[PDB]
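Here is upload12.txt, consisting of compact mmCIF, N, CA and C atoms:
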```
# COMPACT_ATOMS: atom_id res chain seq x y z
N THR R 52 65.37 90.97 106.91
CA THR R 52 66.48 90.04 107.07
C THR R 52 66.32 89.26 108.37
N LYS R 53 67.20 88.27 108.56
CA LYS R 53 67.18 87.48 109.78
C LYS R 53 67.54 88.34 110.99
N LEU R 54 68.64 89.08 110.90
CA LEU R 54 69.01 90.09 111.89
C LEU R 54 69.08 89.46 113.29
N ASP R 55 70.02 88.52 113.42
CA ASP R 55 70.25 87.77 114.65
C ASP R 55 69.02 86.95 115.06
N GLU R 56 68.59 86.09 114.13
CA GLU R 56 67.54 85.10 114.38
C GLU R 56 66.20 85.75 114.72
N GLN R 57 65.79 86.70 113.89
CA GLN R 57 64.48 87.33 114.00
C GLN R 57 63.98 87.61 112.58
N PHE R 58 62.91 88.37 112.46
CA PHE R 58 62.47 88.84 111.14
C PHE R 58 62.03 90.30 111.21
N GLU R 59 62.85 91.16 111.80
CA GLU R 59 62.58 92.59 111.73
C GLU R 59 62.55 93.04 110.28
N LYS R 60 61.58 93.87 109.94
CA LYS R 60 61.36 94.32 108.57
C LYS R 60 61.92 95.73 108.37
N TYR R 61 62.15 96.07 107.11
CA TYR R 61 62.65 97.39 106.79
C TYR R 61 61.56 98.44 107.03
N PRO R 62 61.91 99.59 107.60
CA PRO R 62 60.94 100.68 107.70
C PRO R 62 60.60 101.22 106.32
N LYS R 63 59.31 101.41 106.07
CA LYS R 63 58.80 101.80 104.75
C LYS R 63 57.87 103.00 104.92
N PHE R 64 58.45 104.19 104.97
CA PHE R 64 57.69 105.42 105.14
C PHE R 64 57.14 105.89 103.80
N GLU R 65 55.95 106.47 103.84
CA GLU R 65 55.26 106.93 102.64
C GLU R 65 54.92 108.41 102.79
N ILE R 66 55.39 109.22 101.84
CA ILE R 66 55.10 110.65 101.80
C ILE R 66 54.48 110.92 100.44
N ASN R 67 53.15 110.93 100.38
CA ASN R 67 52.44 111.06 99.11
C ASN R 67 52.51 112.50 98.61
N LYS R 68 53.17 112.70 97.47
CA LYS R 68 53.31 114.02 96.88
C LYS R 68 52.79 114.10 95.45
N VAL R 69 52.20 113.02 94.92
CA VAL R 69 51.74 112.99 93.53
C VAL R 69 50.25 113.24 93.40
N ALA R 70 49.53 113.42 94.50
CA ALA R 70 48.09 113.59 94.46
C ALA R 70 47.64 115.04 94.41
N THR R 71 48.55 116.00 94.61
CA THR R 71 48.15 117.40 94.66
C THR R 71 47.65 117.89 93.31
N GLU R 72 48.38 117.59 92.24
CA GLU R 72 47.96 118.03 90.91
C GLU R 72 46.70 117.30 90.46
N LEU R 73 46.56 116.02 90.83
CA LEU R 73 45.33 115.30 90.53
C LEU R 73 44.14 115.94 91.23
N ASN R 74 44.30 116.31 92.50
CA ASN R 74 43.23 116.99 93.22
C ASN R 74 42.92 118.34 92.58
N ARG R 75 43.95 119.05 92.12
CA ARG R 75 43.72 120.33 91.46
C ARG R 75 42.91 120.15 90.18
N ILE R 76 43.23 119.13 89.38
CA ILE R 76 42.48 118.87 88.15
C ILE R 76 41.04 118.50 88.47
N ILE R 77 40.84 117.65 89.49
CA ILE R 77 39.49 117.23 89.85
C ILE R 77 38.66 118.43 90.31
N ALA R 78 39.26 119.31 91.13
CA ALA R 78 38.56 120.51 91.57
C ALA R 78 38.27 121.44 90.41
N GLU R 79 39.20 121.54 89.45
CA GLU R 79 38.97 122.36 88.27
C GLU R 79 37.76 121.86 87.49
N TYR R 80 37.63 120.54 87.34
CA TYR R 80 36.46 120.01 86.65
C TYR R 80 35.19 120.25 87.46
N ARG R 81 35.22 119.96 88.76
CA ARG R 81 34.01 120.05 89.57
C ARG R 81 33.55 121.49 89.76
N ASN R 82 34.44 122.46 89.58
CA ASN R 82 34.03 123.86 89.66
C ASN R 82 33.24 124.30 88.43
N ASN R 83 33.54 123.73 87.26
CA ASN R 83 32.85 124.05 86.01
C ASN R 83 32.42 122.75 85.35
N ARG R 84 31.23 122.27 85.70
CA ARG R 84 30.69 121.07 85.10
C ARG R 84 30.05 121.38 83.75
N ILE R 85 30.12 120.42 82.84
CA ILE R 85 29.58 120.57 81.49
C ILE R 85 28.58 119.47 81.23
N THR R 86 27.62 119.75 80.34
CA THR R 86 26.55 118.82 80.03
C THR R 86 26.26 118.88 78.53
N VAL R 87 25.22 118.17 78.11
CA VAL R 87 24.85 118.09 76.70
C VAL R 87 23.90 119.23 76.36
N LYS R 88 24.13 119.87 75.22
CA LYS R 88 23.28 120.94 74.72
C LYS R 88 22.90 120.66 73.28
N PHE R 89 21.64 120.92 72.94
CA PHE R 89 21.12 120.71 71.59
C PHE R 89 21.00 122.05 70.89
N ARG R 90 21.62 122.17 69.71
CA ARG R 90 21.58 123.41 68.95
C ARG R 90 20.48 123.36 67.89
N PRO R 91 19.82 124.48 67.64
CA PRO R 91 18.76 124.51 66.62
C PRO R 91 19.36 124.57 65.22
N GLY R 92 18.49 124.37 64.23
CA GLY R 92 18.88 124.49 62.84
C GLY R 92 18.22 125.67 62.16
N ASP R 93 18.23 125.69 60.83
CA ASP R 93 17.60 126.77 60.07
C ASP R 93 16.23 126.29 59.59
N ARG R 94 15.30 126.23 60.54
CA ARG R 94 13.92 125.86 60.24
C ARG R 94 12.99 126.75 61.05
N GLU R 95 11.71 126.74 60.65
CA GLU R 95 10.72 127.56 61.33
C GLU R 95 10.42 127.06 62.74
N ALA R 96 10.61 125.76 63.00
CA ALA R 96 10.22 125.17 64.27
C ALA R 96 11.36 124.41 64.94
N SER R 97 12.61 124.68 64.56
CA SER R 97 13.73 123.97 65.16
C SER R 97 14.02 124.45 66.57
N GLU R 98 13.71 125.72 66.87
CA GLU R 98 13.98 126.26 68.20
C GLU R 98 13.16 125.56 69.27
N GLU R 99 11.86 125.39 69.03
CA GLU R 99 11.01 124.70 69.99
C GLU R 99 11.42 123.24 70.14
N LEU R 100 11.82 122.60 69.04
CA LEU R 100 12.29 121.22 69.12
C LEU R 100 13.54 121.11 69.99
N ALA R 101 14.49 122.03 69.80
CA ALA R 101 15.70 122.02 70.63
C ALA R 101 15.37 122.28 72.09
N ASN R 102 14.45 123.21 72.35
CA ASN R 102 14.05 123.50 73.73
C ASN R 102 13.44 122.28 74.39
N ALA P 81 104.02 74.54 98.98
CA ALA P 81 103.39 75.33 100.03
C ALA P 81 103.17 74.51 101.29
N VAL P 82 102.60 73.31 101.13
CA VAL P 82 102.33 72.47 102.30
C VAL P 82 103.63 72.07 102.99
N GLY P 83 104.66 71.74 102.20
CA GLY P 83 105.93 71.34 102.78
C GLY P 83 106.59 72.46 103.54
N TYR P 84 106.58 73.68 102.99
CA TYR P 84 107.16 74.82 103.70
C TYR P 84 106.40 75.11 104.98
N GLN P 85 105.07 75.05 104.94
CA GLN P 85 104.30 75.30 106.16
C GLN P 85 104.62 74.27 107.23
N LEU P 86 104.66 72.99 106.84
CA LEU P 86 104.97 71.94 107.80
C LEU P 86 106.39 72.10 108.34
N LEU P 87 107.34 72.42 107.46
CA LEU P 87 108.73 72.58 107.89
C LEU P 87 108.86 73.71 108.90
N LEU P 88 108.19 74.83 108.64
CA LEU P 88 108.18 75.92 109.61
C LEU P 88 107.51 75.51 110.91
N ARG P 89 106.48 74.66 110.84
CA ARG P 89 105.78 74.25 112.05
C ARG P 89 106.52 73.17 112.84
N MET P 90 107.55 72.54 112.28
CA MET P 90 108.24 71.48 113.01
C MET P 90 109.75 71.69 113.02
N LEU P 91 110.19 72.93 113.18
CA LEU P 91 111.61 73.20 113.39
C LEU P 91 112.03 73.11 114.84
N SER P 92 111.20 73.58 115.77
CA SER P 92 111.55 73.56 117.18
C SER P 92 111.63 72.15 117.75
N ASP P 93 111.14 71.15 117.02
CA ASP P 93 111.29 69.76 117.45
C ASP P 93 112.75 69.37 117.54
N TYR P 94 113.56 69.81 116.58
CA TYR P 94 114.97 69.46 116.51
C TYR P 94 115.87 70.55 117.06
N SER P 95 115.30 71.55 117.73
CA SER P 95 116.06 72.65 118.34
C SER P 95 116.88 73.40 117.29
N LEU P 96 116.17 73.93 116.29
CA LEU P 96 116.80 74.72 115.25
C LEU P 96 116.03 76.01 115.02
N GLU P 97 116.44 76.79 114.02
CA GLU P 97 115.84 78.09 113.74
C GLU P 97 115.82 78.33 112.24
N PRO P 98 114.77 78.94 111.71
CA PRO P 98 114.71 79.19 110.26
C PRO P 98 115.69 80.27 109.83
N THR P 99 115.80 80.43 108.52
CA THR P 99 116.67 81.40 107.88
C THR P 99 115.84 82.30 106.96
N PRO P 100 116.31 83.53 106.70
CA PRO P 100 115.48 84.47 105.91
C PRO P 100 115.08 83.95 104.54
N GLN P 101 115.97 83.22 103.86
CA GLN P 101 115.63 82.71 102.54
C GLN P 101 114.48 81.70 102.61
N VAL P 102 114.52 80.81 103.60
CA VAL P 102 113.43 79.85 103.77
C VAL P 102 112.13 80.58 104.08
N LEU P 103 112.20 81.63 104.89
CA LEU P 103 111.00 82.40 105.20
C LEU P 103 110.42 83.05 103.95
N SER P 104 111.27 83.63 103.10
CA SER P 104 110.78 84.24 101.87
C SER P 104 110.16 83.20 100.94
N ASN P 105 110.80 82.03 100.82
CA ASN P 105 110.24 80.97 99.99
C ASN P 105 108.89 80.52 100.52
N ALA P 106 108.77 80.36 101.84
CA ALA P 106 107.50 79.95 102.43
C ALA P 106 106.42 80.98 102.18
N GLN P 107 106.75 82.27 102.34
CA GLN P 107 105.77 83.32 102.09
C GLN P 107 105.31 83.32 100.64
N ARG P 108 106.25 83.17 99.70
CA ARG P 108 105.88 83.16 98.29
C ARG P 108 104.99 81.96 97.96
N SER P 109 105.33 80.78 98.49
CA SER P 109 104.51 79.60 98.24
C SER P 109 103.12 79.76 98.85
N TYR P 110 103.03 80.33 100.05
CA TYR P 110 101.73 80.55 100.67
C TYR P 110 100.89 81.53 99.86
N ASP P 111 101.52 82.59 99.34
CA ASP P 111 100.79 83.53 98.49
C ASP P 111 100.28 82.84 97.23
N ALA P 112 101.11 82.00 96.62
CA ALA P 112 100.68 81.26 95.44
C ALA P 112 99.51 80.34 95.76
N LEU P 113 99.56 79.68 96.92
CA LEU P 113 98.46 78.81 97.32
C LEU P 113 97.17 79.60 97.54
N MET P 114 97.27 80.76 98.18
CA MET P 114 96.08 81.54 98.48
C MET P 114 95.50 82.19 97.23
N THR P 115 96.33 82.47 96.23
CA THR P 115 95.82 83.09 95.01
C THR P 115 94.84 82.17 94.29
N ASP P 116 95.14 80.87 94.24
CA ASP P 116 94.31 79.95 93.47
C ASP P 116 92.90 79.84 94.05
N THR P 117 92.78 79.80 95.37
CA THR P 117 91.50 79.57 96.03
C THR P 117 90.75 80.86 96.34
N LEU P 118 91.26 82.01 95.91
CA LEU P 118 90.63 83.28 96.23
C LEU P 118 89.29 83.42 95.51
N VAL P 119 88.26 83.81 96.27
CA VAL P 119 86.94 84.11 95.72
C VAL P 119 86.48 85.43 96.32
N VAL P 120 85.98 86.32 95.47
CA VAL P 120 85.53 87.65 95.88
C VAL P 120 84.01 87.67 95.80
N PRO P 121 83.31 87.75 96.92
CA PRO P 121 81.84 87.77 96.88
C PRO P 121 81.32 89.11 96.37
N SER P 122 80.08 89.08 95.89
CA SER P 122 79.40 90.26 95.39
C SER P 122 78.21 90.57 96.28
N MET P 123 77.87 91.86 96.36
CA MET P 123 76.78 92.31 97.22
C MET P 123 75.47 92.32 96.43
N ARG P 124 74.51 91.52 96.88
CA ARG P 124 73.19 91.50 96.26
C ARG P 124 72.35 92.66 96.77
N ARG P 125 71.27 92.95 96.04
CA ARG P 125 70.42 94.08 96.39
C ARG P 125 69.63 93.79 97.66
N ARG P 126 69.11 94.86 98.26
CA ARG P 126 68.53 94.76 99.60
C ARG P 126 67.28 93.88 99.61
N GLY P 127 66.36 94.12 98.70
CA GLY P 127 65.05 93.48 98.72
C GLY P 127 63.90 94.45 98.86
N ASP P 128 64.15 95.68 99.28
CA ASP P 128 63.18 96.76 99.20
C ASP P 128 63.56 97.78 98.13
N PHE P 129 64.41 97.37 97.18
CA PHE P 129 64.88 98.27 96.14
C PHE P 129 63.91 98.26 94.97
N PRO P 130 63.38 99.41 94.56
CA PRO P 130 62.47 99.42 93.41
C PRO P 130 63.17 98.97 92.14
N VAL P 131 62.42 98.29 91.28
CA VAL P 131 62.90 97.93 89.95
C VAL P 131 62.29 98.91 88.96
N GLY P 132 63.13 99.46 88.09
CA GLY P 132 62.67 100.52 87.21
C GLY P 132 61.59 100.06 86.26
N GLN P 133 60.90 101.05 85.67
CA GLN P 133 59.86 100.75 84.69
C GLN P 133 60.43 100.15 83.42
N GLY P 134 61.73 100.29 83.18
CA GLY P 134 62.35 99.75 81.99
C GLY P 134 62.49 98.24 81.98
N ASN P 135 62.37 97.60 83.14
CA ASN P 135 62.42 96.14 83.20
C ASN P 135 61.09 95.49 82.84
N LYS P 136 60.03 96.29 82.65
CA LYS P 136 58.71 95.79 82.28
C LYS P 136 58.20 94.76 83.28
N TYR P 137 58.16 95.17 84.55
CA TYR P 137 57.59 94.34 85.59
C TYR P 137 56.08 94.27 85.44
N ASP P 138 55.47 93.38 86.21
CA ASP P 138 54.03 93.17 86.17
C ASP P 138 53.45 93.16 87.58
N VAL P 139 52.28 93.77 87.74
CA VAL P 139 51.56 93.68 89.00
C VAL P 139 51.12 92.25 89.26
N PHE P 140 51.15 91.41 88.22
CA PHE P 140 50.81 90.01 88.36
C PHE P 140 51.76 89.31 89.33
N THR P 141 53.05 89.64 89.26
CA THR P 141 54.08 89.01 90.07
C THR P 141 54.65 90.01 91.07
N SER P 142 55.45 89.50 92.01
CA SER P 142 56.17 90.33 92.97
C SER P 142 57.48 90.88 92.42
N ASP P 143 57.61 90.94 91.09
CA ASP P 143 58.81 91.48 90.46
C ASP P 143 58.91 92.99 90.56
N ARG P 144 57.93 93.65 91.17
CA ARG P 144 58.01 95.10 91.37
C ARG P 144 59.20 95.48 92.25
N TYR P 145 59.74 94.53 93.02
CA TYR P 145 60.89 94.77 93.87
C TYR P 145 61.83 93.57 93.78
N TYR P 146 63.08 93.79 94.17
CA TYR P 146 64.05 92.71 94.17
C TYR P 146 63.69 91.69 95.25
N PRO P 147 63.93 90.40 95.00
CA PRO P 147 63.52 89.37 95.96
C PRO P 147 64.50 89.22 97.11
N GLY P 148 64.29 88.20 97.94
CA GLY P 148 65.17 87.95 99.07
C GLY P 148 64.75 88.67 100.33
N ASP P 149 63.54 88.40 100.80
CA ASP P 149 63.02 89.01 102.02
C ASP P 149 62.58 88.02 103.08
N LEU P 150 62.16 86.82 102.70
CA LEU P 150 61.75 85.78 103.64
C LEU P 150 60.64 86.26 104.59
N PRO P 151 59.47 86.62 104.06
CA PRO P 151 58.43 87.19 104.92
C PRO P 151 57.41 86.17 105.39
N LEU P 152 56.50 86.61 106.27
CA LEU P 152 55.27 85.89 106.60
C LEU P 152 55.56 84.49 107.15
N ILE P 153 56.20 84.48 108.32
CA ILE P 153 56.43 83.25 109.06
C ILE P 153 55.39 83.10 110.18
N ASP P 154 54.23 83.71 110.02
CA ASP P 154 53.19 83.67 111.04
C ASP P 154 52.55 82.29 111.13
N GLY P 155 51.90 82.03 112.26
CA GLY P 155 51.23 80.77 112.49
C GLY P 155 50.79 80.61 113.93
N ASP P 156 51.09 79.46 114.52
CA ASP P 156 50.84 79.24 115.94
C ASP P 156 52.05 79.72 116.74
N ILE P 157 52.14 79.31 118.01
CA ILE P 157 53.15 79.80 118.94
C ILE P 157 53.00 81.31 119.09
N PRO P 158 51.97 81.77 119.79
CA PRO P 158 51.68 83.21 119.86
C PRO P 158 52.69 83.99 120.68
N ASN P 159 52.38 85.26 120.93
CA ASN P 159 53.20 86.29 121.59
C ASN P 159 54.22 86.87 120.63
N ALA P 160 54.12 86.56 119.34
CA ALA P 160 55.01 87.14 118.35
C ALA P 160 54.32 88.31 117.65
```

Can the structure from this file be put into C-alpha cells for me?
Amino acid sequence: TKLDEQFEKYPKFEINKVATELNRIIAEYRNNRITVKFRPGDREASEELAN
Amino acid sequence: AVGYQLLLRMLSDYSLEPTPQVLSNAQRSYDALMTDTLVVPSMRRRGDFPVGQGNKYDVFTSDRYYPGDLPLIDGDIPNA
C-alpha cells in the first residue's frame, strides 16, 4: 500500500511443510532401485539368450 | 431542510431564540436530507490474499492473487 506516501510491502514469510513426504518417497525409491530383467522361455537355449 | 438549517443559523441576527418544535422539525428534515445521500463503502481484499483453486486461475496471469498492490516503482533517483 501507499502507507503515508511510500511503498512498504506486506511481509511474506514462507514455512515449507509440503516437501517432507516428497523427500520420503524419493528416498524410498532411491533405496530400492529397479531395472529391466529378461525372463527365459521353455526352450533348450533360452537361458543363455536371456543371460 | 435547507430552510430550517438557515433559519437556525440566522436567529441571533434578530435577537431571538428557537423553540423545541422548530428544533424537532429541523432535526427530522436534516435526517431526511442525510438519508438520501448516504453511501456505505465496502472493504476490498488486501492484495496478498490467495485465490482458491475453484476460480481456475492461471500461471499465465497474475490472477493467482487479488490485485491492487501498485508495485515496482523502481528507476532513477537512487538511495531508495

Q: Specify as a PyMOL selection string all residues of chain P found within 8 Å of chain R, counting only N, CA and C atoms.
A: chain P and resi 128+148-151

Q | stretch 142-146 of chain P environment, 6.5 Å, all atoms listed in the file, sequence neighbours closer than 4 positions dropped, as a list in words | A | residues 126, 127, 128, 129, 130, 131, 137 and 138 of chain P

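Our summary of the geometry notes that atom CA of residue P:157 is positioned 14.5 Å from atom CA of residue R:57.
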
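Residues of chain P assigned to alpha helix (DSSP H) by DSSP on this structure's backbone: residues 82, 83, 84, 85, 86, 87, 88, 89, 100, 101, 102, 103, 104, 105, 106, 107, 108, 109, 110, 111, 112, 113, 114, 115 and 116 of chain P.
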
Q.
I'd like the interatomic distance between atom CA of residue R:64 and atom N of residue P:158, to a tenth of an Å.
A.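 Rounded to one decimal, the two atoms are 28.4 Å apart.
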
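In this model, the gap between atom CA of residue P:83 and atom CA of residue P:108 comes to 12.6 Å.
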
Need the axis-aligned box for stretch 103-120 of chain P with 8 Å each side, so what are the centre and edges in Å to one decimal, as AutoDock Vina command-line options?
```
--center_x 98.1 --center_y 83.2 --center_z 99.3 --size_x 44.2 --size_y 24.9 --size_z 27.7
```

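The nearest approach to residue P:105 among the residues P:85, P:133, P:141, P:159, with only C-alpha atoms taken into account, belongs to P:85.
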